[PDB]
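What follows is a set of notes on a single structure, which appears directly below.
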Amino acid sequence: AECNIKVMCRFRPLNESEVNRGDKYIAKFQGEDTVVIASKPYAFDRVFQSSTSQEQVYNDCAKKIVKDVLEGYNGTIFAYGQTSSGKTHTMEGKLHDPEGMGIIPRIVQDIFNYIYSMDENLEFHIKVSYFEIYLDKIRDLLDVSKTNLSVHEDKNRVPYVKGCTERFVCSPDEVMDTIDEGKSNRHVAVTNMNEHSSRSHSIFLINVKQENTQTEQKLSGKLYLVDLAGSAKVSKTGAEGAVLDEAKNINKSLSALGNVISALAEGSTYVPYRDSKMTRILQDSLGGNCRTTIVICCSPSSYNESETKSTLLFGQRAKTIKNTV
Amino acid sequence: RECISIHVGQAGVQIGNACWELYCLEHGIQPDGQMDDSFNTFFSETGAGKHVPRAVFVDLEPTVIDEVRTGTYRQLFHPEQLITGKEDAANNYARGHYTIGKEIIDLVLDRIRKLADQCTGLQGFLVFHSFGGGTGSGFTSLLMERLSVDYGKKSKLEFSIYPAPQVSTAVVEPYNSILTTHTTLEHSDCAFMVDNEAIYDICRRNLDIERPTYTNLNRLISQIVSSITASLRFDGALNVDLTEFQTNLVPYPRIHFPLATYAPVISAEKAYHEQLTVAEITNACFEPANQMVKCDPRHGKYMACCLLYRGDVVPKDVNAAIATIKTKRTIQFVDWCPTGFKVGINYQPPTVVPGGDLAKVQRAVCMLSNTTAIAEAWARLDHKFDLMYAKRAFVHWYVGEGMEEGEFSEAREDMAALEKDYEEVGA
Amino acid sequence: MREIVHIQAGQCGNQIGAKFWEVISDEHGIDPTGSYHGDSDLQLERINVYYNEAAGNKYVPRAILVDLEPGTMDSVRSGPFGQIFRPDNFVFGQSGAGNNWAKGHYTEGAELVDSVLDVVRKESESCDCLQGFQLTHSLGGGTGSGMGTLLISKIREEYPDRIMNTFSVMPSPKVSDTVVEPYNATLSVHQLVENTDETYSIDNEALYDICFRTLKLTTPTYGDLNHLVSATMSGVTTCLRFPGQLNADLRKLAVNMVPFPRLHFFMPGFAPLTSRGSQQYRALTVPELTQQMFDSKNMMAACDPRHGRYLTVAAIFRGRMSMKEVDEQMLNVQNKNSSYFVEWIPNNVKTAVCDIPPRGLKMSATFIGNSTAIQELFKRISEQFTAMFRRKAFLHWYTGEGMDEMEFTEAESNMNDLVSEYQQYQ
Ligand SMILES: Nc1nc2c(ncn2[C@@H]2O[C@H](COP(=O)(O)CP(=O)(O)OP(=O)(O)O)[C@@H](O)[C@H]2O)c(=O)[nH]1
Ligand SMILES: Nc1nc2c(ncn2[C@@H]2O[C@H](COP(=O)(O)OP(=O)(O)OP(=O)(O)O)[C@@H](O)[C@H]2O)c(=O)[nH]1
Ligand SMILES: Nc1ncnc2c1ncn2[C@@H]1O[C@H](COP(=O)(O)OP(=O)(O)OP(=O)(O)O)[C@@H](O)[C@H]1O
């Protein structure tokens, strides 16, 4: 009926661009519950250090979320932080490497393993879609012909996307092939702060329908995996040209998400999800029947200390929010 | 001994148009461009019997540049100096600093560099702008950052217009001011601030102008910014150069926020009835309601004071004036600077525009004073900023330009550090 | 330099647009044929912002007229300034929309959007730098509410960085000249709230109340209302059209007036408005102008502003006046009515001035206000839509063009979201 939205925090190793400049490792861990930055405690559900592996992060974050979304509830996993925080390394990872792979292929592998373990009587139908945001337009990554998509309300006034190629999948090999095709079709840019900089919020939706032949019981579940872009500082990045136009959309989306988070934390009457389509898609996530999980990535360098503090207090505002599950 | 005067924004270009007429009348230069060392500071000599000023007027919108071109001071200024953009800043620091600036700063930097290379006695620069709007904040910060990284050591005199407490022209002014001051704190050697309601009141109560205009406001501002450099322009018994305003008035590298005021201000009929001596003008310049910023000096203390007199004034009477002002206990000076007076005199008297509101006065004084009274104004600005920041008001325009909430938070904590420094140094 | 693209759709839209072109041509001193005969060089200094230079010292307006019947085009061509418009821009179909949003948005809109898109593209390419797209339409009826919305959507897709300005007339419960008008309004507001950057909400009964109260006219026709709205349409665009001591372009007023992307439905106003026989017995000074600007009955919307709170207002003045008087008048206006202004903004007032007033007046002003009082006019249309929709009345025609009831449900949810958004900040 009521469940707190789970918040996780992660710090990554210092990058080559940071260690050569001489950035200090200011991240200090006091157990798992709380983390201290310049004598300022911040409490979360679980704090991950730089040495934590991908499998350890996945088992701590989204192990029981698979059970929760398969039971009948909805699941939304997404990342927040500044640029060069490690969101792509957390969520996407190295698909070919079994060790370096992120959260999204592991989730599909766990779903397929659970389906194999479950008895044959419970029929499953999984269908996937993959899209992103660019120039305030929703681009479907699975098909190049479309340039803009519309979000329509379903029967109970939950918004969801329309027109995307809803690819019905049966085996994990085609799912991984579709994910690789979407990653190849994803637009990336080279910047001083990051080489493979994800300059757009990539949404990966999996609608899992299931039906029991014996009991005649039906259950549907929308699983969202949203890798968001980082708040890019213009002075640190040296952005000029089309990267500025990308940063406009990125900052608009993250500012709308922050406004929604602040409204939910302070208990606003209206809760303006309508500020952006990126906020509208997460209506069921933040104020629906979803067991949302959010991860914040923080750079342990002293150079990005201000945006690290901003991300930490943003996570603090996001922790107190409760959903109507 | 030269200095270049650049202007940004509607306020800057209007002040430039209002002040260069005063400069040309002072130097005897007709508007056509023709009639030895007095005019050499601000005007050059081009070949034979022709002058051109050391100034550039830059603005993103062309609505000021085309009317400046088609006005009456057409033949005085260079046709190419008047820089014009293509797009409106729209009271947006980000739009004025990032999108529209980048396509014209490449021309502006080259133009100022080539016009400074021919010069050899450049003491520094003076920039006219207004942080209360978009262009005068964003483009000013954009130019001053890359000017400080290039030159750095050379002096920069900032001249800004700030909003009143109860009155405000725009609605995004505290966002613009708190954003641009984060950059102005480190690169600006000294910045004189002016409030609109103070300069409305100074011409109401004294000059008896019931219905003034921005031209009337800018005339006395032009008189002030001409009187500070009158010592450099004309010979004096005790001359003060532009480096005095850096060395003497900036006791710490970040506490560089003086207030400004002027005396006497008087109409034509009242001038013949009121006597002019040093004592009354010295008493009036330290008068709190006579200042150009709505701040109470009685709440704080004067950290430093430089008096610059113009006209036939001996040193003895001004020495007696500052002596009796020191013995006066209504004002209060800080214990960290007992010798907080710097007196200077220029023989050249103030001039009067034909048909202007100001009257002929045999002597005058300009008073730039470093004091802690601006701390209350900055705290007020931060307080009104916080109310809109809590609701995230007017944030979508900024974040739709390229910025975020991180530099907003850095601006907030930098203003908090400014207040911390001011309350620490005022102890 | 900051050219403006003008597009006109619907009967009332092309009528008020033609009157706007007429009055600004009279201000600039442009003959009905197209020749310039002005007296001041400032009129010709910024004639390029609207009119394109032509041979023989002729000037043609950068106007696009689009209508789904030939009758409106024939009327505006037969009007006093019909010949000045470009004949190429007269794009039009054959069959009318019949007061149906679906026909205007799907059937004939799809047939005419490809015909108008290249024309607006050519006009955008002709100028040096387009500033924004100014449009006029009506939420009521089918033609404007479908075709103007579709045109706005396509232009938003083509130019996602430029300004989208709309002067939209919307219905009222006391005056409603169409049976499908709440349906058309509910369908059009869903497109307006997402695509357009600026929107001026105009009400017919508000203009009728103006003409009864302050004009005191005996036989007020639509021509007087066109001249009324053209005054504010010229007032908003005066800043880029002429120099001023404190200029405020469309983007400059938008940045002050649009605190959030959705809350951009304004409440335009204009003054002085008085009868010809009572002109001698009124002082045109700026306090008596400013009180008329903020008078509850003087606004061009049926909502009571005293029942709500202003999010933000802007006053663009014209004519020589004292900045101190303007400042102190706005000061006492925002101070003495502090209960009617939101406390979470320190200054809810924007000011701008131009130095060349309209001909026949020494000083004038226009008021653009964003306030929570528009939620009343929104929710009355919302419940009017809901009462007809809850039994699926007036939908068998809409279903013919492939339109579904889920779209109407989405529009109703959008209207609920918008009125709750306006209620949040009250
Ligand atoms: N202030 C004015 N309002 C008008 C004028 N003409 C119409 N209207 C009002 O606008 C309402 C609807 O606008 P329109 O006349 O343009 C209907 P539209 O042409 O868009 O569709 P169709 O004619 O069916 O093709 C209409 O019911 C009037 O209340 C006018 O000339 N001036
Ligand atoms: N004292 C004084 N202040 C002025 C004058 N003109 C403009 N200002 C101030 O300048 C502020 C805005 O500066 P700008 O950013 O340059 O405004 P703008 O030139 O219209 O720029 P945009 O609106 O973006 O096109 C206003 O709030 C005024 O208070 C003036 O003549 N005298
Ligand atoms: N947690 C981490 N552990 C190890 N290496 C990491 C980690 N996070 C980032 N990296 C290194 O950083 C490189 C690029 O980082 P990544 O693309 O994940 O950054 P980001 O903050 O998610 O970017 P953006 O802001 O563009 O979305 C990765 O290839 C990897 O080399």
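A few points about this structure:
- Test: residue in segment A:225-233 that is under 22 Å from the mean Cα position of the chain (by Cα) and among the basic types (K, R): yes
- Filter result for A:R291 (among the basic types (K, R) and surrounded by fewer than 20 Cβ atoms within 10 Å (Cβ to Cβ)): no
- Filtered residues of segment C:212-233 (kept if touching a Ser or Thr at 6+ places or on another chain (Cβ under 8 Å) and away from ligand 1 (no atom under 16 Å from the Cβ)): C:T214, C:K216
- Selection within segment C:92-119: residues that are within 18 Å of C:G142 (Cβ to Cβ) and of a type in the set (V, I, T). The member of this set that is nearest to ligand 2 (Cβ to nearest atom) is C:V116.
- Filter pass, B:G96 being more than 13 Å from chain C (Cβ to nearest Cβ) and either out of contact with any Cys (no Cβ under 9 Å at 6 or more places or on another chain) or not in a helix (DSSP H, G or I) (or both): no
- Residues being farther than 30 Å from B:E145 by Cα and either assigned to a helix (DSSP H, G or I) or out of contact with any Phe, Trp or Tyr (no Cβ under 8 Å at 6 or more places or on another chain) (or both) are represented in segment B:236-249 by at least one member.
- Segment B:49-93 - residue that is in a helix (DSSP H, G or I) and not acidic (D, E) and, of those, farthest from ligand 2 (Cβ to nearest atom): B:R69
- Among the criteria (1) surrounded by 23 or more Cβ atoms within 10 Å (Cβ to Cβ); (2) touching an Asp or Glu at 6+ places or on another chain (Cβ under 6 Å); (3) within 13 Å of another protein chain (Cβ to nearest Cβ), the one A:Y270 does not fulfil is (1).
- Of all residues in segment C:259-283, those satisfying the criterion of being within 14 Å of chain B (Cβ to nearest Cβ) and either of a type in the set (A, V, I, L, M) or more than 15 Å from C:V349 (Cβ to Cβ) (or both) are C:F260, C:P261, C:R262, C:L263, C:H264.
- Residue in segment C:152-166 that is of a type in the set (A, V, I, L, M, F, W, C), surrounded by fewer than 24 Cβ atoms within 10 Å (Cβ to Cβ) and in contact with a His (Cβ under 9 Å, 6 or more places away or on another chain) present: yes
- Within segment A:36-94, tally of residues that are surrounded by 17 or more Cβ atoms within 10 Å (Cβ to Cβ) and of a type in the set (S, T, N, Q): 9
- Within segment C:169-182, considering residues that are out of contact with any strand residue (DSSP E or B) (no Cβ under 6 Å at 6 or more places or on another chain) and not in a loop (DSSP other than H, G, I, E, B), the one nearest to ligand 1 (Cβ to nearest atom): C:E181
- Segment B:64-82 - residue that is in contact with a helix residue (DSSP H, G or I) (Cβ under 7 Å, 6 or more places away or on another chain) and surrounded by 18 or more Cβ atoms within 10 Å (Cβ to Cβ) and, of those, farthest from the other protein chains (Cβ to nearest Cβ): B:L76
- Output for segment C:375-426, where each listed residue is more than 10 Å from chain A (Cβ to nearest Cβ), assigned to a helix (DSSP H, G or I) and farther than 14 Å from C:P182 by Cβ: C:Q375, C:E376, C:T399, C:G400, C:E401, C:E405
- Extreme residue, farthest from ligand 1 (Cβ to nearest atom), among residues of segment A:199-237 that are within 12 Å of another protein chain (Cβ to nearest Cβ) and either part of a loop (DSSP other than H, G, I, E, B) or of a type in the set (G, A, S) (or both): A:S235
- Of all residues in segment C:235-258, those that are facing another protein chain (nearest Cβ under 9 Å) have Cβ atoms under 9 Å from Cβ atoms of residues that are of a type in the set (G, A, S) and part of a helix (DSSP H, G or I), 6 or more apart or on another chain, in C:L246/B:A11.
- Listed by position, the helices (runs of 4 or more DSSP H) inside segment C:188-291 whose residues that are within 16 Å of ligand 2 (Cβ to nearest atom), within 15 Å of the chain's Cα centre (by Cα) and within 27 Å of C:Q15 (Cβ to Cβ) number at least 2 are C:222-241, C:250-257.
- Condition broken by C:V313, with the remaining ones in (1) within 12 Å of another protein chain (Cβ to nearest Cβ); (2) assigned to a strand (DSSP E or B); (3) touching a helix residue (DSSP H, G or I) at 6+ places or on another chain (Cβ under 7 Å) satisfied: (3)
- Hey, A:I133 within 16 Å of ligand 3 (Cβ to nearest atom), of a type in the set (V, I, T), in contact with a helix residue (DSSP H, G or I) (Cβ under 7 Å, 6 or more places away or on another chain) and under 14 Å from A:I179 (Cα atoms) or not: no
- Qualifying residue in segment B:115-123 (condition: part of a helix (DSSP H, G or I), more than 16 Å from ligand 1 (Cβ to nearest atom) and surrounded by 14 or more Cβ atoms within 10 Å (Cβ to Cβ)): yes
Heads up, the Cβs are rebuilt from the backbone with ideal geometry, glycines too, and the neighbour counts pull from every protein chain shown. Computed from the coordinates by the stated procedures, all read-outs in this text should not be read as laboratory data.
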